[PDB]
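In the block that follows, a single chain appears as structure tokens, in the form deposited in one PDB entry.
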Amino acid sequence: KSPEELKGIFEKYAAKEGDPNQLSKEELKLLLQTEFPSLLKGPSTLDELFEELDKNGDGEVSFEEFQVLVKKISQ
């Protein structure tokens, strides 16, 4: 899908709790299993995907941080 469509998906989830703008490990899990099931059933564990994605270490994944995965998503 288009970039605007991914932001859309990102968005429904980031808002379920905490910062309505960023993903929590729970919200990322939720996103991943409903929308992209094989991202999370690869070599990394959700926990390990979370570490990779959280660049700062603020416990949230922003949309910009989320861009990494997109390559696999779009793939």
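Don't overthink the numbering: it's just position in the shown sequence, from 1. We call the rigid core the largest set of C-alpha positions that still match within 1.5 Å between the two forms.
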Higher of the two mean Cα B-factors (17-25, 52-60; per PDB record) comes from 52-60
Chain-relative CA temperature factor third for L31: lowest
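Omitted from view is the form deposited in another entry, to which the following refers.
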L49 C-alpha moves between this form and the one not shown by 2 Å or more, core aligned: yes
My question is whether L6 is one of the residues whose C-alpha shifts by 2 Å or more between this form and the one not shown, given a fit on the rigid core. no
Assuming the CA distance changes by 3 angstroms or more, are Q33 and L49 closer together or farther apart in that other deposited form compared with the shown structure? farther
